[PDB]
$ cat input-v2.pdb   # PDB, N, CA and C atoms and all ligand atoms
ATOM      1  N   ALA A   1     -20.337 -34.870   7.033
ATOM      2  CA  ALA A   1     -19.383 -35.956   7.188
ATOM      3  C   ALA A   1     -18.074 -35.435   7.812
ATOM      4  N   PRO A   2     -17.705 -35.936   9.002
ATOM      5  CA  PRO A   2     -16.494 -35.509   9.711
ATOM      6  C   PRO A   2     -15.218 -35.954   9.015
ATOM      7  N   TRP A   3     -14.383 -34.997   8.707
ATOM      8  CA  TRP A   3     -13.129 -35.235   8.051
ATOM      9  C   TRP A   3     -12.022 -35.202   9.088
ATOM     10  N   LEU A   4     -11.106 -36.116   8.996
ATOM     11  CA  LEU A   4      -9.996 -36.135   9.905
ATOM     12  C   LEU A   4      -8.894 -35.267   9.343
ATOM     13  N   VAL A   5      -8.821 -34.062   9.821
ATOM     14  CA  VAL A   5      -7.819 -33.127   9.362
ATOM     15  C   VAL A   5      -6.449 -33.449   9.977
ATOM     16  N   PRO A   6      -5.357 -33.028   9.310
ATOM     17  CA  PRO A   6      -4.006 -33.230   9.813
ATOM     18  C   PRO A   6      -3.739 -32.387  11.059
ATOM     19  N   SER A   7      -2.596 -32.570  11.627
ATOM     20  CA  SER A   7      -2.184 -31.858  12.809
ATOM     21  C   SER A   7      -1.491 -30.573  12.361
ATOM     22  N   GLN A   8      -0.588 -30.020  13.151
ATOM     23  CA  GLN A   8       0.136 -28.847  12.690
ATOM     24  C   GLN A   8       1.225 -29.220  11.677
ATOM     25  N   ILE A   9       0.766 -29.586  10.513
ATOM     26  CA  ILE A   9       1.580 -30.037   9.424
ATOM     27  C   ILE A   9       1.297 -29.105   8.260
ATOM     28  N   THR A  10       2.231 -28.925   7.399
ATOM     29  CA  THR A  10       2.043 -28.052   6.280
ATOM     30  C   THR A  10       1.660 -28.888   5.083
ATOM     31  N   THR A  11       0.872 -28.344   4.230
ATOM     32  CA  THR A  11       0.537 -28.992   3.017
ATOM     33  C   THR A  11       1.577 -28.582   1.995
ATOM     34  N   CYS A  12       1.711 -29.319   0.953
ATOM     35  CA  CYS A  12       2.569 -28.892  -0.106
ATOM     36  C   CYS A  12       1.880 -27.816  -0.902
ATOM     37  N   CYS A  13       1.980 -26.589  -0.417
ATOM     38  CA  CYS A  13       1.484 -25.396  -1.115
ATOM     39  C   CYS A  13      -0.046 -25.361  -1.203
ATOM     40  N   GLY A  14      -0.704 -26.244  -0.474
ATOM     41  CA  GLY A  14      -2.136 -26.361  -0.566
ATOM     42  C   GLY A  14      -2.567 -27.694  -1.161
ATOM     43  N   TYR A  15      -1.610 -28.602  -1.372
ATOM     44  CA  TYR A  15      -1.918 -29.947  -1.886
ATOM     45  C   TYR A  15      -2.323 -30.864  -0.727
ATOM     46  N   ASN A  16      -2.297 -32.177  -0.958
ATOM     47  CA  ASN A  16      -2.642 -33.160   0.084
ATOM     48  C   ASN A  16      -1.750 -33.008   1.302
ATOM     49  N   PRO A  17      -2.299 -33.269   2.494
ATOM     50  CA  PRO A  17      -1.587 -33.085   3.762
ATOM     51  C   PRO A  17      -0.447 -34.075   3.968
ATOM     52  N   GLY A  18      -0.416 -35.132   3.168
ATOM     53  CA  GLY A  18       0.656 -36.087   3.255
ATOM     54  C   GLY A  18       1.879 -35.595   2.525
ATOM     55  N   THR A  19       1.705 -34.565   1.738
ATOM     56  CA  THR A  19       2.796 -33.975   1.027
ATOM     57  C   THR A  19       3.097 -32.631   1.639
ATOM     58  N   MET A  20       4.350 -32.326   1.805
ATOM     59  CA  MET A  20       4.751 -31.086   2.431
ATOM     60  C   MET A  20       5.696 -30.344   1.567
ATOM     61  N   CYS A  21       5.595 -29.068   1.616
ATOM     62  CA  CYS A  21       6.450 -28.194   0.840
ATOM     63  C   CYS A  21       6.709 -26.901   1.577
ATOM     64  N   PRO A  22       7.944 -26.394   1.497
ATOM     65  CA  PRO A  22       8.317 -25.131   2.114
ATOM     66  C   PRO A  22       7.787 -23.950   1.318
ATOM     67  N   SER A  23       7.661 -22.814   1.982
ATOM     68  CA  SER A  23       7.125 -21.580   1.417
ATOM     69  C   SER A  23       7.875 -21.160   0.142
ATOM     70  N   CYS A  24       9.160 -21.429   0.121
ATOM     71  CA  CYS A  24      10.034 -21.111  -1.003
ATOM     72  C   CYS A  24       9.612 -21.877  -2.275
ATOM     73  N   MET A  25       8.907 -22.979  -2.089
ATOM     74  CA  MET A  25       8.450 -23.794  -3.200
ATOM     75  C   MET A  25       6.979 -23.549  -3.455
ATOM     76  N   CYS A  26       6.368 -22.778  -2.599
ATOM     77  CA  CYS A  26       4.949 -22.522  -2.688
ATOM     78  C   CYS A  26       4.659 -21.119  -3.164
ATOM     79  N   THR A  27       5.265 -20.149  -2.539
ATOM     80  CA  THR A  27       5.072 -18.774  -2.898
ATOM     81  C   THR A  27       6.393 -18.165  -3.320
ATOM     82  N   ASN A  28       7.405 -19.035  -3.412
ATOM     83  CA  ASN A  28       8.795 -18.705  -3.805
ATOM     84  C   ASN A  28       9.468 -17.749  -2.802
ATOM     85  N   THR A  29       8.829 -17.533  -1.687
ATOM     86  CA  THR A  29       9.329 -16.652  -0.682
ATOM     87  C   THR A  29      10.317 -17.364   0.243
ATOM     88  N   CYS A  30      11.576 -17.046   0.076
ATOM     89  CA  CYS A  30      12.633 -17.602   0.863
ATOM     90  C   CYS A  30      13.829 -16.670   0.891
TER      91      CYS A  30
HETATM   92  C1  LIG B 101      -2.475 -34.490  14.743
HETATM   93  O1  LIG B 101      -3.683 -33.723  14.911
HETATM   94  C2  LIG B 101      -4.614 -33.891  13.799
HETATM   95  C3  LIG B 101      -5.804 -32.968  14.050
HETATM   96  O2  LIG B 101      -5.353 -31.872  14.860
HETATM   97  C4  LIG B 101      -6.209 -30.750  15.095
HETATM   98  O3  LIG B 101      -6.561 -30.810  16.507
HETATM   99  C5  LIG B 101      -5.388 -30.893  17.350
HETATM  100  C6  LIG B 101      -5.893 -31.041  18.773
HETATM  101  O4  LIG B 101      -7.320 -31.004  18.804
HETATM  102  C7  LIG B 101      -4.486 -29.653  17.133
HETATM  103  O5  LIG B 101      -3.272 -29.796  17.909
HETATM  104  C8  LIG B 101      -2.643 -31.102  17.894
HETATM  105  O6  LIG B 101      -2.683 -31.681  19.215
HETATM  106  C9  LIG B 101      -1.922 -30.903  20.185
HETATM  107  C10 LIG B 101      -2.088 -31.612  21.516
HETATM  108  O7  LIG B 101      -2.673 -32.888  21.324
HETATM  109  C11 LIG B 101      -0.451 -30.824  19.746
HETATM  110  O8  LIG B 101       0.139 -32.121  19.697
HETATM  111  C12 LIG B 101      -0.375 -30.182  18.378
HETATM  112  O9  LIG B 101       0.979 -30.235  17.933
HETATM  113  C13 LIG B 101      -1.203 -31.022  17.411
HETATM  114  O10 LIG B 101      -1.158 -30.422  16.120
HETATM  115  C14 LIG B 101      -4.101 -29.588  15.661
HETATM  116  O11 LIG B 101      -3.217 -28.476  15.402
HETATM  117  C15 LIG B 101      -5.370 -29.497  14.827
HETATM  118  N1  LIG B 101      -5.058 -29.401  13.415
HETATM  119  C16 LIG B 101      -5.520 -28.406  12.685
HETATM  120  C17 LIG B 101      -5.181 -28.425  11.224
HETATM  121  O12 LIG B 101      -6.213 -27.497  13.165
HETATM  122  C18 LIG B 101      -5.002 -35.347  13.689
HETATM  123  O13 LIG B 101      -5.636 -35.753  14.900
HETATM  124  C19 LIG B 101      -3.742 -36.168  13.468
HETATM  125  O14 LIG B 101      -4.098 -37.533  13.390
HETATM  126  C20 LIG B 101      -3.707 -38.232  12.218
HETATM  127  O15 LIG B 101      -4.550 -37.781  11.134
HETATM  128  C21 LIG B 101      -4.232 -38.472   9.905
HETATM  129  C22 LIG B 101      -5.055 -37.852   8.803
HETATM  130  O16 LIG B 101      -5.351 -36.498   9.102
HETATM  131  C23 LIG B 101      -4.452 -39.978  10.076
HETATM  132  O17 LIG B 101      -5.809 -40.261  10.429
HETATM  133  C24 LIG B 101      -3.546 -40.490  11.178
HETATM  134  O18 LIG B 101      -3.851 -41.873  11.359
HETATM  135  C25 LIG B 101      -3.883 -39.725  12.462
HETATM  136  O19 LIG B 101      -2.964 -40.074  13.524
HETATM  137  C26 LIG B 101      -2.508 -41.426  13.661
HETATM  138  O20 LIG B 101      -2.846 -41.838  15.009
HETATM  139  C27 LIG B 101      -2.285 -40.936  15.993
HETATM  140  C28 LIG B 101      -2.797 -41.363  17.345
HETATM  141  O21 LIG B 101      -3.458 -42.611  17.235
HETATM  142  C29 LIG B 101      -0.748 -40.929  15.880
HETATM  143  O22 LIG B 101      -0.223 -42.243  16.093
HETATM  144  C30 LIG B 101      -0.376 -40.485  14.492
HETATM  145  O23 LIG B 101       1.033 -40.508  14.315
HETATM  146  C31 LIG B 101      -0.985 -41.436  13.498
HETATM  147  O24 LIG B 101      -0.591 -41.009  12.207
HETATM  148  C32 LIG B 101      -2.804 -35.958  14.640
HETATM  149  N2  LIG B 101      -1.566 -36.652  14.411
HETATM  150  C33 LIG B 101      -0.727 -36.824  15.404
HETATM  151  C34 LIG B 101       0.602 -37.408  15.075
HETATM  152  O25 LIG B 101      -0.988 -36.480  16.556
END
$ encode --input "input-v2.pdb" --output "structure tokens"
Amino acid sequence: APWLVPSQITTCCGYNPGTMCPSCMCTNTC
């Protein structure tokens, strides 16, 4: 089943593609 993946968008730390999060909130690296 073909999934429509997002574009060059970031996920919120690996969550849904509609949610975005910076690295500082994901791996605390900032
Ligand atoms: C963005 O791209 C998503 C899939 O992208 C992958 O493939 C493309 C090209 O094959 C890669 O590069 C993308 O395209 C190039 C040139 O066209 C550049 O613009 C890059 O910046 C761009 O990222 C891309 O990197 C690949 N991704 C990965 C992870 O490898 C989708 O096609 C996305 O489309 C949206 O998807 C969501 C759910 O995933 C919904 O289905 C949206 O409805 C859908 O787009 C909607 O329609 C669009 C055109 O009709 C547009 O109006 C959009 O705003 C709507 O939300 C796609 N999104 C956009 C904005 O292009």
$ atom_distance --input "input-v2.pdb" --atom1 "CA of residue 13 in chain A" --atom2 "atom N of residue 27 in chain A"
6.6 Å
$ residues_near_ligand --input "input-v2.pdb" --ligand "ligand LIG 101 (chain B)" --cutoff "6 Å" --atoms "only C-alpha atoms and all ligand atoms" --output "list in words"
residues 4, 5, 6, 7 and 8 of chain A
$ atom_distance --input "input-v2.pdb" --atom1 "CA of residue 30 in chain A" --atom2 "atom N of residue 17 in chain A"
21.7 Å
$ residues_around --input "input-v2.pdb" --residues "residue 14 in chain A" --least-positions-apart "4" --cutoff "12 Å" --atoms "only C-alpha atoms" --output "count of residues only"
11
$ atom_distance --input "input-v2.pdb" --atom1 "CA of residue 28 in chain A" --atom2 "atom N of residue 16 in chain A"
17.7 Å
$ select_by_dssp --input "input-v2.pdb" --residues "chain A" --states "helix (DSSP H, G or I)" --output "ChimeraX atom specification"
/A:23-26
$ axis_aligned_box --input "input-v2.pdb" --around "range 17-23 of chain A" --padding-each-side "5 Å" --output "lines of an AutoDock Vina configuration file"
center_x = 3.0
center_y = -28.6
center_z = 2.1
size_x = 20.6
size_y = 24.9
size_z = 13.8
